[PDB]
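Engineer: Take this structure first; my questions come after.
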Amino acid sequence: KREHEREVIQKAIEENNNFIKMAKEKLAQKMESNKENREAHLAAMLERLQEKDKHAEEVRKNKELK
Amino acid sequence: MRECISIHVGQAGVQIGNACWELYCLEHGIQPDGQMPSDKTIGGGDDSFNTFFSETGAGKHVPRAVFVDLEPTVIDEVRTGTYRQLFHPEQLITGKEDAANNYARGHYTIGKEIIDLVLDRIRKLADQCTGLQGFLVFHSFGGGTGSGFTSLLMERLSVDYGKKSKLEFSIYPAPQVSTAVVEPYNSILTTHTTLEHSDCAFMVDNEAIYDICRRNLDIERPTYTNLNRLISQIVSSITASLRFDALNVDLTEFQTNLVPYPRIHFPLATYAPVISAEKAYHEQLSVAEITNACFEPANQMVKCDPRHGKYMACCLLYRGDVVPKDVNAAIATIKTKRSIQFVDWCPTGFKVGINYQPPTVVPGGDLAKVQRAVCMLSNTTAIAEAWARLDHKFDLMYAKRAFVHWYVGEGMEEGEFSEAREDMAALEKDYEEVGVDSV
Amino acid sequence: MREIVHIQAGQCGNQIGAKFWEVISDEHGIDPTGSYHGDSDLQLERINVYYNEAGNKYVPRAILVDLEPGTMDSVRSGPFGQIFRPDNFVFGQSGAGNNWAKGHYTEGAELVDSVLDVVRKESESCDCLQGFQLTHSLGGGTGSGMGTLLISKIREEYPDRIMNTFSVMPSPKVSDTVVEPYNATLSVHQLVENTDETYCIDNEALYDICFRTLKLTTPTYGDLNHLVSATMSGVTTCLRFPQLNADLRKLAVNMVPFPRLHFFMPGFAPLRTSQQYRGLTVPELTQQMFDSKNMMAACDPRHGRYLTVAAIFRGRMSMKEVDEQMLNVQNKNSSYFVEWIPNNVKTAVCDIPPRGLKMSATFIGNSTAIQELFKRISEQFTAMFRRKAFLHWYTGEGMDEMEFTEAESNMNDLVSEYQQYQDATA
Ligand SMILES: Nc1nc2c(ncn2[C@@H]2O[C@H](COP(=O)(O)OP(=O)(O)OP(=O)(O)O)[C@@H](O)[C@H]2O)c(=O)[nH]1
Ligand SMILES: Nc1nc2c(ncn2[C@@H]2O[C@H](COP(=O)(O)OP(=O)(O)O)[C@@H](O)[C@H]2O)c(=O)[nH]1
Ligand SMILES: [Mg+2]
């Protein structure tokens, strides 16, 4: 009977810990995924703008050519 | 002992927390400087009011709470408000930018900045407590701070405090006071996220409170101040077992009875009597009257029909000049007249508590002081209707993926949307399962 | 501390922006010397959104930009030309010659860098910059071409800031440049991909209103500007006076169901020597706000569907009455409001009314009808571009006809999408 008593309470301990663990990991995954995503978006908007800058340089070179 | 730390996220969180705290000062005899003349013990004590109010050498009784808002504006009025002396500067935490009604902005892009400082202030408060009981979080689903930062803080509290209690006072979005078209999105998403971290969630529909004020208080266009004052009365009745202490029953016992299963932790609340000071003059409201009122559907904080569903628990928390005998009579009467259907797995009883401390109304309030009030909390499957309505809005916009780009640019992903919605659909089916009669 | 850097470029842009500043300056109790003399704390409570404090001089956080100095010189000559920070003035000499290619590629390109410098100084002072707002006309050269160029260069520096443009739609009635359709389409293309929210200020309508309503046989540019200034004051009242849509980001979040459809029809009421003292009953005021005659954009709301709409009621009035009026218009006019967007109409009321009005109504909406205006621009462009009329103009700076094509297609795409959502149901 005493062992089972020690088993129950250790089970409840391990239950709580496991929850805290899973919680911590999940939050860490979602923070990094979001962070990557957001930076990607920003990096693509910047690259589009840079490609528009190059087109303007080329338009300026086309006029100079004539 | 059994301290409770109060956390107020967002504008709604903050304001509703200023209502509550004022009312709690008025009820406990705490002055605006925090000095409670009644309390002879200085710098400490074990009084019920110490679970919500800490003390200092000077006798000042500081509230145990933390006001966090990502825009200074709302907490700033607290800083400069009448009760600015009561609170302590660290307790007020304000960034510089709001989540522009975006869960994504409030959970990730902005929240992450202040989240660590917030948890920091909570932790300080937690060390003051000899035996902290749990947290009381006040927020609104519709706002980016009230959704995105609130869930974030819920996860953090889960991790850092483990399985300590975490109750909630969630402001159900109401079109009358709607501030954002995207509020259904934020609602689904926050409900999805905190569902696993909240021990017990009380929802308040602005629409329902807006109605109650127009009807019972005869206010033409109830303001957030009206709502808040009525809200604080409800909150105070629920927390009255903690702040005050023979017939009074600890809300834990109610909690052990209002959560049959972990996901079913949203109880309905109905308060009575809300009456104007003219109407209350020359009218005495019996225990039986207020008790009926509880079972009146227009008096409920959330708009849903309990008859459409079944009761899984029904508790009555009274306050004021009440005696067990009258409460027994009124209950019986009710029974005779009402159709309080209970799930078969649940005992058809009404848990009652009487807190003889009479109710108080803020000066210049539209609520008349009464000698008795009651607030019944019920775990009826009707609450689902709420979700439904919301969910349905969420589905309408999400089919055309509207405003979805605002979430995606912050880094969220449509997967999160669909997953959140699935979980709401499961929750709704869970309500239906619990109502099914046992084979 | 939610500062909004302001930027006025082009002849039209400089004129409308000067008016805007004068008007908000009156509303906030600020004279041309930057000194404040208002009666109400409310004027100074949010004055920092558009003003920088200094002998307590609230200076407009404005950057003036024009390739011809005359326009800016006139601005300085005008009232409040002192209030504007002199360093904020930035003007070239070549001018654009009513060429979008000249401002977006050549002369604009030469001056853009000095503009960005002032922008960077203004943004640095901003504690919490919301974003930038640009007043400009799409038909001219400095406003459009150089305007859109500035939008793109600012976006790279501040990719996390709201970008609002009060673009002015060219009108055949107003006439002016013949190749103005090309310039407008070039500007629209840049706007469709570079501006968070855009207010379609069609000069045509302005005119129409004047001739008809204002019973002005010869609407002048001053007449139009007065309409525009009152609109602009309306659509900034929530930005400048202390809830709904209080910053630029939240407005958008709630009014841009989709990124391309960031073009809105402004609307204002009442719009006429006849005084008619009766303080338009809110009811009326509501009707007029939704009235197509009160729409600054040249589109019939009844010809489309409102994705999202925003109302502003200046003047002391019954909030309850306003609420009922709004709900009513939505109910009776339900077919004109997309069902897939719950609660797509939202309304705010401000106690301080416009100057010389006891109360006003401001209408802002992303109606699918807006596609009419784009359609008129497209027709003009297709007619000229069909014959390559004046295309050598742009080709000389190095532009290519494909660029015009791409711009035409983009504008047809925006129309298609507007019609698509209009014709979509649950
Ligand atoms: N009952 C009640 N509801 C409120 C109150 N204040 C705001 N709300 C509700 O809250 C919703 C908006 O939530 P907020 O508290 O303002 O959101 P936020 O927390 O400031 O987040 P941000 O968008 O980033 O500013 C609206 O739908 C209102 O119905 C209040 O004082 N009482
Ligand atoms: N409503 C209005 N429109 C204007 C005004 N000034 C110019 N415009 C319009 O501006 C267009 C030409 O753009 P413009 O001012 O010359 O741009 P710029 O080359 O950069 O100077 C014309 O179609 C006019 O319709 C004004 O004061 N009010
Ligand atoms: Mg806020």
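Identifiers in the structure tokens: chain A, B, ... in order shown; residue index from 1 per chain; ligand index from 1 in order shown.
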Residues of chain C no more than 10 Å from chain A, counting only C-alpha atoms: send them over as a PyMOL selection string.
Structural biologist: chain C and resi 101+104-106+109+149+152-153+155-157+159-160+194+394-400
Engineer: Need to verify the contact set: residue 15 of chain B, 9 Å, only C-alpha atoms, exclusion of same-chain residues closer than 2 positions in sequence. Can you return it as number ranges by chain?
Structural biologist: B: 8, 10-13, 17-20, 74-75, 78, 224-225, 228
Engineer: For the residues selected in the previous step, produce a file with C-alpha atoms as a compact mmCIF listing (two decimals), in the first residue's frame.
Structural biologist:
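So again.txt came out as:
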# COMPACT_ATOMS: atom_id res chain seq x y z
CA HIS B 8 -5.46 43.38 -15.87
CA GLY B 10 -5.65 45.68 -22.14
CA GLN B 11 -7.80 48.74 -21.91
CA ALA B 12 -10.90 46.76 -20.84
CA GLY B 13 -8.80 44.77 -18.39
CA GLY B 17 -9.80 46.58 -12.80
CA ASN B 18 -10.08 50.22 -11.66
CA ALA B 19 -13.81 49.73 -11.11
CA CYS B 20 -13.25 46.54 -9.13
CA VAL B 74 -5.24 53.80 -20.27
CA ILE B 75 -2.86 53.06 -17.43
CA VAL B 78 -4.75 55.25 -13.31
CA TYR B 224 -18.02 51.76 -20.66
CA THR B 225 -18.21 53.33 -17.22
CA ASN B 228 -17.65 48.55 -15.74
Engineer: Chain A near chain B within 10 Å: what's each residue's closest atom pair and its distance in Å to one decimal, counting only C-alpha atoms, ordered by chain then ascending residue number, as JSON lines?
Structural biologist:
{"residue": "A:15", "atom": "CA", "partner": "B:163", "partner_atom": "CA", "distance": 9.9}
{"residue": "A:16", "atom": "CA", "partner": "B:163", "partner_atom": "CA", "distance": 6.6}
{"residue": "A:17", "atom": "CA", "partner": "B:162", "partner_atom": "CA", "distance": 7.6}
{"residue": "A:18", "atom": "CA", "partner": "B:162", "partner_atom": "CA", "distance": 9.9}
{"residue": "A:19", "atom": "CA", "partner": "B:162", "partner_atom": "CA", "distance": 7.9}
{"residue": "A:20", "atom": "CA", "partner": "B:159", "partner_atom": "CA", "distance": 4.6}
{"residue": "A:21", "atom": "CA", "partner": "B:159", "partner_atom": "CA", "distance": 7.4}
{"residue": "A:22", "atom": "CA", "partner": "B:159", "partner_atom": "CA", "distance": 8.9}
{"residue": "A:23", "atom": "CA", "partner": "B:159", "partner_atom": "CA", "distance": 6.4}
{"residue": "A:24", "atom": "CA", "partner": "B:159", "partner_atom": "CA", "distance": 6.2}
{"residue": "A:25", "atom": "CA", "partner": "B:159", "partner_atom": "CA", "distance": 10.0}
{"residue": "A:26", "atom": "CA", "partner": "B:155", "partner_atom": "CA", "distance": 9.4}
{"residue": "A:27", "atom": "CA", "partner": "B:155", "partner_atom": "CA", "distance": 7.4}
{"residue": "A:30", "atom": "CA", "partner": "B:412", "partner_atom": "CA", "distance": 8.7}
{"residue": "A:31", "atom": "CA", "partner": "B:108", "partner_atom": "CA", "distance": 6.7}
{"residue": "A:32", "atom": "CA", "partner": "B:411", "partner_atom": "CA", "distance": 9.4}
{"residue": "A:33", "atom": "CA", "partner": "B:411", "partner_atom": "CA", "distance": 7.4}
{"residue": "A:34", "atom": "CA", "partner": "B:411", "partner_atom": "CA", "distance": 4.1}
{"residue": "A:35", "atom": "CA", "partner": "B:411", "partner_atom": "CA", "distance": 6.2}
{"residue": "A:36", "atom": "CA", "partner": "B:411", "partner_atom": "CA", "distance": 7.3}
{"residue": "A:37", "atom": "CA", "partner": "B:411", "partner_atom": "CA", "distance": 4.6}
{"residue": "A:38", "atom": "CA", "partner": "B:411", "partner_atom": "CA", "distance": 4.4}
{"residue": "A:39", "atom": "CA", "partner": "B:411", "partner_atom": "CA", "distance": 8.1}
{"residue": "A:40", "atom": "CA", "partner": "B:411", "partner_atom": "CA", "distance": 8.7}
{"residue": "A:41", "atom": "CA", "partner": "B:409", "partner_atom": "CA", "distance": 6.5}
{"residue": "A:42", "atom": "CA", "partner": "B:409", "partner_atom": "CA", "distance": 8.4}
Engineer: Show me which residues line ligand 1, defined as having an atom within 8 Å of a ligand atom where only C-alpha atoms and all ligand atoms count, and present them as a ChimeraX atom specification.
Structural biologist: /B:9-16,69-71,97-102,105-106,139-147,171-180,183,204-206,209,224-225,227-228,231 /C:250
Engineer: Using only C-alpha atoms, which chain C residues lie at most 9 Å away from chain B, written as number ranges by chain?
Structural biologist: C: 1-2, 127-128, 243-245, 247, 249-251, 253-259, 308, 319-320, 323, 339-346, 421, 426
Engineer: Go ahead and dump the residues you just picked, C-alpha atoms, as a tab-separated table (two decimals), in the first residue's frame.
Structural biologist:
chain	number	residue	atom	x	y	z
C	1	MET	CA	3.55	60.07	-29.11
C	2	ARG	CA	2.10	58.62	-32.33
C	127	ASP	CA	8.93	59.02	-30.69
C	128	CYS	CA	6.47	56.50	-32.09
C	243	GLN	CA	-11.49	55.91	-30.37
C	244	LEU	CA	-12.50	54.07	-33.54
C	245	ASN	CA	-9.65	54.08	-35.95
C	247	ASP	CA	-4.33	55.59	-35.38
C	249	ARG	CA	-2.81	51.20	-38.44
C	250	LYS	CA	-6.13	50.37	-36.75
C	251	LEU	CA	-8.09	52.21	-39.37
C	253	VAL	CA	-6.82	46.87	-40.07
C	254	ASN	CA	-10.51	47.49	-39.99
C	255	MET	CA	-11.04	48.93	-43.44
C	256	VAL	CA	-8.77	46.97	-45.76
C	257	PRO	CA	-10.20	43.51	-46.15
C	258	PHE	CA	-7.54	42.87	-48.80
C	259	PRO	CA	-4.31	44.65	-49.56
C	308	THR	CA	-16.14	48.34	-44.99
C	319	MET	CA	-24.94	59.52	-29.60
C	320	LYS	CA	-28.09	57.38	-29.30
C	323	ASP	CA	-26.39	54.99	-33.45
C	339	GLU	CA	-22.51	39.76	-45.89
C	340	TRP	CA	-19.11	37.97	-45.60
C	341	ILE	CA	-17.81	40.92	-43.49
C	342	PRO	CA	-19.84	41.14	-40.24
C	343	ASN	CA	-20.15	44.59	-38.69
C	344	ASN	CA	-18.43	46.24	-41.69
C	345	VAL	CA	-19.86	49.66	-40.69
C	346	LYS	CA	-18.48	51.52	-37.67
C	421	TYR	CA	-15.81	40.54	-54.05
C	426	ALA	CA	-21.88	33.22	-48.49
Engineer: Could I get the residues of chain C with an atom no further than 9 Å from an atom of ligand 2, each paired with its nearest atom pair and that distance in Å to one decimal, using only C-alpha atoms and all ligand atoms, sorted by chain and residue number, as JSON lines?
Structural biologist:
{"residue": "C:9", "atom": "CA", "partner": "ligand 2", "partner_atom_place_in_ligand_line": "20 (O)", "distance": 6.6}
{"residue": "C:10", "atom": "CA", "partner": "ligand 2", "partner_atom_place_in_ligand_line": "20 (O)", "distance": 3.3}
{"residue": "C:11", "atom": "CA", "partner": "ligand 2", "partner_atom_place_in_ligand_line": "15 (O)", "distance": 3.6}
{"residue": "C:12", "atom": "CA", "partner": "ligand 2", "partner_atom_place_in_ligand_line": "6 (N)", "distance": 3.5}
{"residue": "C:13", "atom": "CA", "partner": "ligand 2", "partner_atom_place_in_ligand_line": "15 (O)", "distance": 6.8}
{"residue": "C:14", "atom": "CA", "partner": "ligand 2", "partner_atom_place_in_ligand_line": "15 (O)", "distance": 8.2}
{"residue": "C:15", "atom": "CA", "partner": "ligand 2", "partner_atom_place_in_ligand_line": "27 (O)", "distance": 5.4}
{"residue": "C:16", "atom": "CA", "partner": "ligand 2", "partner_atom_place_in_ligand_line": "27 (O)", "distance": 6.3}
{"residue": "C:65", "atom": "CA", "partner": "ligand 2", "partner_atom_place_in_ligand_line": "20 (O)", "distance": 8.9}
{"residue": "C:66", "atom": "CA", "partner": "ligand 2", "partner_atom_place_in_ligand_line": "20 (O)", "distance": 6.3}
{"residue": "C:67", "atom": "CA", "partner": "ligand 2", "partner_atom_place_in_ligand_line": "20 (O)", "distance": 6.9}
{"residue": "C:68", "atom": "CA", "partner": "ligand 2", "partner_atom_place_in_ligand_line": "21 (O)", "distance": 7.3}
{"residue": "C:71", "atom": "CA", "partner": "ligand 2", "partner_atom_place_in_ligand_line": "21 (O)", "distance": 7.8}
{"residue": "C:95", "atom": "CA", "partner": "ligand 2", "partner_atom_place_in_ligand_line": "19 (O)", "distance": 7.1}
{"residue": "C:96", "atom": "CA", "partner": "ligand 2", "partner_atom_place_in_ligand_line": "19 (O)", "distance": 5.4}
{"residue": "C:97", "atom": "CA", "partner": "ligand 2", "partner_atom_place_in_ligand_line": "19 (O)", "distance": 5.9}
{"residue": "C:98", "atom": "CA", "partner": "ligand 2", "partner_atom_place_in_ligand_line": "19 (O)", "distance": 4.3}
{"residue": "C:99", "atom": "CA", "partner": "ligand 2", "partner_atom_place_in_ligand_line": "19 (O)", "distance": 6.8}
{"residue": "C:100", "atom": "CA", "partner": "ligand 2", "partner_atom_place_in_ligand_line": "19 (O)", "distance": 8.1}
{"residue": "C:103", "atom": "CA", "partner": "ligand 2", "partner_atom_place_in_ligand_line": "20 (O)", "distance": 7.8}
{"residue": "C:136", "atom": "CA", "partner": "ligand 2", "partner_atom_place_in_ligand_line": "17 (O)", "distance": 7.2}
{"residue": "C:137", "atom": "CA", "partner": "ligand 2", "partner_atom_place_in_ligand_line": "10 (O)", "distance": 5.0}
{"residue": "C:138", "atom": "CA", "partner": "ligand 2", "partner_atom_place_in_ligand_line": "13 (O)", "distance": 6.5}
{"residue": "C:139", "atom": "CA", "partner": "ligand 2", "partner_atom_place_in_ligand_line": "11 (C)", "distance": 4.4}
{"residue": "C:140", "atom": "CA", "partner": "ligand 2", "partner_atom_place_in_ligand_line": "13 (O)", "distance": 2.9}
{"residue": "C:141", "atom": "CA", "partner": "ligand 2", "partner_atom_place_in_ligand_line": "19 (O)", "distance": 3.6}
{"residue": "C:142", "atom": "CA", "partner": "ligand 2", "partner_atom_place_in_ligand_line": "20 (O)", "distance": 2.9}
{"residue": "C:143", "atom": "CA", "partner": "ligand 2", "partner_atom_place_in_ligand_line": "20 (O)", "distance": 3.9}
{"residue": "C:144", "atom": "CA", "partner": "ligand 2", "partner_atom_place_in_ligand_line": "20 (O)", "distance": 6.4}
{"residue": "C:145", "atom": "CA", "partner": "ligand 2", "partner_atom_place_in_ligand_line": "20 (O)", "distance": 7.9}
{"residue": "C:146", "atom": "CA", "partner": "ligand 2", "partner_atom_place_in_ligand_line": "20 (O)", "distance": 7.6}
{"residue": "C:147", "atom": "CA", "partner": "ligand 2", "partner_atom_place_in_ligand_line": "20 (O)", "distance": 8.2}
{"residue": "C:168", "atom": "CA", "partner": "ligand 2", "partner_atom_place_in_ligand_line": "3 (N)", "distance": 6.9}
{"residue": "C:169", "atom": "CA", "partner": "ligand 2", "partner_atom_place_in_ligand_line": "25 (O)", "distance": 7.5}
{"residue": "C:170", "atom": "CA", "partner": "ligand 2", "partner_atom_place_in_ligand_line": "23 (O)", "distance": 4.6}
{"residue": "C:171", "atom": "CA", "partner": "ligand 2", "partner_atom_place_in_ligand_line": "25 (O)", "distance": 6.2}
{"residue": "C:172", "atom": "CA", "partner": "ligand 2", "partner_atom_place_in_ligand_line": "23 (O)", "distance": 8.1}
{"residue": "C:173", "atom": "CA", "partner": "ligand 2", "partner_atom_place_in_ligand_line": "25 (O)", "distance": 8.8}
{"residue": "C:174", "atom": "CA", "partner": "ligand 2", "partner_atom_place_in_ligand_line": "25 (O)", "distance": 5.4}
{"residue": "C:175", "atom": "CA", "partner": "ligand 2", "partner_atom_place_in_ligand_line": "23 (O)", "distance": 6.3}
{"residue": "C:176", "atom": "CA", "partner": "ligand 2", "partner_atom_place_in_ligand_line": "23 (O)", "distance": 5.2}
{"residue": "C:177", "atom": "CA", "partner": "ligand 2", "partner_atom_place_in_ligand_line": "23 (O)", "distance": 6.5}
{"residue": "C:180", "atom": "CA", "partner": "ligand 2", "partner_atom_place_in_ligand_line": "23 (O)", "distance": 6.6}
{"residue": "C:201", "atom": "CA", "partner": "ligand 2", "partner_atom_place_in_ligand_line": "1 (N)", "distance": 8.0}
{"residue": "C:202", "atom": "CA", "partner": "ligand 2", "partner_atom_place_in_ligand_line": "1 (N)", "distance": 7.9}
{"residue": "C:203", "atom": "CA", "partner": "ligand 2", "partner_atom_place_in_ligand_line": "1 (N)", "distance": 5.1}
{"residue": "C:204", "atom": "CA", "partner": "ligand 2", "partner_atom_place_in_ligand_line": "25 (O)", "distance": 8.4}
{"residue": "C:206", "atom": "CA", "partner": "ligand 2", "partner_atom_place_in_ligand_line": "1 (N)", "distance": 7.0}
{"residue": "C:207", "atom": "CA", "partner": "ligand 2", "partner_atom_place_in_ligand_line": "1 (N)", "distance": 8.1}
{"residue": "C:220", "atom": "CA", "partner": "ligand 2", "partner_atom_place_in_ligand_line": "28 (N)", "distance": 8.1}
{"residue": "C:221", "atom": "CA", "partner": "ligand 2", "partner_atom_place_in_ligand_line": "28 (N)", "distance": 4.5}
{"residue": "C:222", "atom": "CA", "partner": "ligand 2", "partner_atom_place_in_ligand_line": "27 (O)", "distance": 6.1}
{"residue": "C:223", "atom": "CA", "partner": "ligand 2", "partner_atom_place_in_ligand_line": "1 (N)", "distance": 7.7}
{"residue": "C:224", "atom": "CA", "partner": "ligand 2", "partner_atom_place_in_ligand_line": "1 (N)", "distance": 4.5}
{"residue": "C:225", "atom": "CA", "partner": "ligand 2", "partner_atom_place_in_ligand_line": "28 (N)", "distance": 4.8}
{"residue": "C:226", "atom": "CA", "partner": "ligand 2", "partner_atom_place_in_ligand_line": "1 (N)", "distance": 8.4}
{"residue": "C:227", "atom": "CA", "partner": "ligand 2", "partner_atom_place_in_ligand_line": "1 (N)", "distance": 8.2}
{"residue": "C:228", "atom": "CA", "partner": "ligand 2", "partner_atom_place_in_ligand_line": "1 (N)", "distance": 7.0}
Engineer: Enter the distance from atom CA of residue 422 of chain B to atom CA of residue 264 of chain B, in Å, rounded to one decimal.
Structural biologist: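 Separation between atom CA of residue 422 of chain B and atom CA of residue 264 of chain B: 16.3 Å.
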Engineer: Quote the spacing between atom CA of residue 93 of chain B and atom CA of residue 223 of chain B in Å to one decimal place.
Structural biologist: 25.2 Å
Engineer: For residue 133 of chain B, which residue out of B:250, B:434, B:164, B:61 is the nearest one, using only C-alpha atoms?
Structural biologist: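 Checking each candidate against residue 133 of chain B, we get B:164 as the closest.
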Engineer: Enumerate, as a ChimeraX atom specification, the complete set of residues in segment 13-86 of chain C that a backbone-based DSSP assignment places in strand (DSSP E or B).
Structural biologist: /C:30,36,51-52,59-60,62-66
Engineer: Using N, CA and C atoms, can you export the residues from the last selection as a PDB file, in the first residue's frame?
Structural biologist:
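Done, and the output landed in selection32.pdb:
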ATOM      1  N   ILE C  30      -3.706  76.938 -33.070  1.00  0.00           N
ATOM      2  CA  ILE C  30      -2.335  77.280 -33.463  1.00  0.00           C
ATOM      3  C   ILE C  30      -2.421  78.270 -34.630  1.00  0.00           C
ATOM      4  N   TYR C  36       0.044  78.868 -29.604  1.00  0.00           N
ATOM      5  CA  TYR C  36      -1.255  78.273 -29.313  1.00  0.00           C
ATOM      6  C   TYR C  36      -2.105  79.231 -28.495  1.00  0.00           C
ATOM      7  N   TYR C  51       2.132  67.804 -35.115  1.00  0.00           N
ATOM      8  CA  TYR C  51       2.893  68.991 -34.761  1.00  0.00           C
ATOM      9  C   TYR C  51       4.048  68.608 -33.833  1.00  0.00           C
ATOM     10  N   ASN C  52       5.163  69.347 -33.943  1.00  0.00           N
ATOM     11  CA  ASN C  52       6.335  69.210 -33.063  1.00  0.00           C
ATOM     12  C   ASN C  52       6.419  70.443 -32.175  1.00  0.00           C
ATOM     13  N   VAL C  59       5.045  73.298 -34.500  1.00  0.00           N
ATOM     14  CA  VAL C  59       5.364  73.392 -35.920  1.00  0.00           C
ATOM     15  C   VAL C  59       4.822  72.194 -36.692  1.00  0.00           C
ATOM     16  N   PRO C  60       4.138  72.406 -37.815  1.00  0.00           N
ATOM     17  CA  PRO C  60       3.680  71.270 -38.613  1.00  0.00           C
ATOM     18  C   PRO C  60       4.869  70.425 -39.031  1.00  0.00           C
ATOM     19  N   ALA C  62       5.766  68.794 -41.460  1.00  0.00           N
ATOM     20  CA  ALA C  62       5.548  68.741 -42.897  1.00  0.00           C
ATOM     21  C   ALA C  62       6.862  68.918 -43.655  1.00  0.00           C
ATOM     22  N   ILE C  63       6.922  68.226 -44.782  1.00  0.00           N
ATOM     23  CA  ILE C  63       7.980  68.281 -45.763  1.00  0.00           C
ATOM     24  C   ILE C  63       7.301  68.678 -47.054  1.00  0.00           C
ATOM     25  N   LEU C  64       7.656  69.840 -47.564  1.00  0.00           N
ATOM     26  CA  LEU C  64       7.138  70.323 -48.827  1.00  0.00           C
ATOM     27  C   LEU C  64       8.135  69.906 -49.902  1.00  0.00           C
ATOM     28  N   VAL C  65       7.623  69.541 -51.078  1.00  0.00           N
ATOM     29  CA  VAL C  65       8.412  68.976 -52.165  1.00  0.00           C
ATOM     30  C   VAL C  65       7.716  69.372 -53.466  1.00  0.00           C
ATOM     31  N   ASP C  66       8.462  70.011 -54.371  1.00  0.00           N
ATOM     32  CA  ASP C  66       7.978  70.341 -55.710  1.00  0.00           C
ATOM     33  C   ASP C  66       9.201  70.562 -56.589  1.00  0.00           C
TER      34      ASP C  66
END
Engineer: For the atom pair atom CA of residue 217 of chain B and atom CA of residue 23 of chain B, what is the interatomic distance in Å to one decimal place?
Structural biologist: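 We find that atom CA of residue 217 of chain B and atom CA of residue 23 of chain B lie 18.4 Å from each other.
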Engineer: Going by DSSP on the backbone, which bits of segment 61-181 of chain B are helix (DSSP H, G or I)? Write them as a VMD selection string, please.
Structural biologist: chain B and resid 72 to 80 82 to 84 89 to 91 103 to 109 111 to 128 144 to 161 175 to 177
Engineer: Can you pull out every residue within 7 Å of residue 57 of chain C, counting only C-alpha atoms, but drop anything in the same chain fewer than 2 positions away, and send it as a ChimeraX atom specification?
Structural biologist: /C:34-35,53-55,59
Engineer: Can you pull out the residues contacting residue 317 of chain B? Cut-off 8 Å, using only C-alpha atoms, and skip same-chain residues under 3 positions away; I want them as a ChimeraX atom specification.
Structural biologist: /B:237-238,352-355,374-377
Engineer: Can those selected residues be exported to a file as an mmCIF file, in the first residue's frame so that it contains C-alpha atoms?
Structural biologist:
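Final file, part_23.cif:
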data_model
loop_
_atom_site.group_PDB
_atom_site.id
_atom_site.type_symbol
_atom_site.label_atom_id
_atom_site.label_comp_id
_atom_site.auth_asym_id
_atom_site.auth_seq_id
_atom_site.Cartn_x
_atom_site.Cartn_y
_atom_site.Cartn_z
ATOM 1 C CA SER B 237 -19.827 39.058 -5.417
ATOM 2 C CA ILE B 238 -17.669 36.304 -6.839
ATOM 3 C CA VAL B 352 -25.479 28.321 -1.574
ATOM 4 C CA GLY B 353 -23.297 30.727 0.405
ATOM 5 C CA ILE B 354 -24.382 33.780 2.464
ATOM 6 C CA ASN B 355 -21.879 36.524 3.046
ATOM 7 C CA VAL B 374 -27.214 37.502 -5.157
ATOM 8 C CA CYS B 375 -25.163 36.299 -8.116
ATOM 9 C CA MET B 376 -25.810 32.795 -9.333
ATOM 10 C CA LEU B 377 -23.221 30.925 -11.271
#
